[PDB]
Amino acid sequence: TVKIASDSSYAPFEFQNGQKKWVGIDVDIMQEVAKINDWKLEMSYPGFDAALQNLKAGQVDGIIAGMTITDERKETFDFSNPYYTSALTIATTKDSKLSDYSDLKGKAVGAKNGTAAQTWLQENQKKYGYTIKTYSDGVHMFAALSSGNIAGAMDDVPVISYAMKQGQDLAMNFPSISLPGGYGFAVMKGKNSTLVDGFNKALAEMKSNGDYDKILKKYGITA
């Protein structure tokens, strides 16, 4: 088998539909990577930093979870070629009057544990003077956002946008931070090299034959 761990709630990359079924961009791509490569694919959805721990323990073989490729992360993981862009911004409720990172001084800002959002928040904390609240789970972070206990939640643009499209009480009034790495498939550094190659080879074939484009189209994304 090939065991891949993912997030539990990260629409449109992985999420459950109305019949409790796991769907999303990451799900469609990984299933297709497995078919093209003839892998028995065993997906699990424990959560992002849960998936990180399962990967480092060897309980799974790699991760697909909207995971941003970063230079720092490249010291623990090997990544595929990117298959999506990676950008961060502040979600707020619709009725929020905050719009700039300078507004967050002396306020509590959420981030999911182990993520590029938490890293950026940590790197820019002295600059803007917010306090960082951490949650492993996106459900907990956005519950805090809705409850008013955090002034904003940093997360990835496509995920906030998608849920805004679902009519959730969310707005994107802040500038976005573009991260250069994009999203990749990740394995432990020096391990499972051929999973990365298989991912790369299938992804190129999916771009050239147009299956990649069709996956993004399913979820409302113009590529």
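Counting begins at 1, following the sequence as shown.
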*Take the C-alpha B-factors listed in the entry for 79 to 87 and for 95 to 103, compute each mean, and give the stretch with the larger one.*
95 to 103
*For the C-alpha atoms alone, is the average B factor greater in 64 to 72 or in 193 to 201, going by the entry?*
193 to 201
_Given 49, 169, 156, 28, the residue at which the Cα B factor reaches its maximum_ = 169
*If you rank every modelled residue in this chain by C-alpha B factor, which third holds residue 39: lowest, middle or highest?*
highest
_Sorting by Cα B-factor within the chain, modelled residues only, which third would residue 5 end up in: lowest, middle or highest?_
lowest
_Ranked against its chain, the third holding the CA B-factor of residue 23_ = highest
*Relative C-alpha B-factor of residue 164, binned into the chain's lowest, middle or highest third*: highest
*Going by what the PDB entry lists, where does residue 149 fall on CA B-factor within its chain: lowest, middle or highest third?*
highest
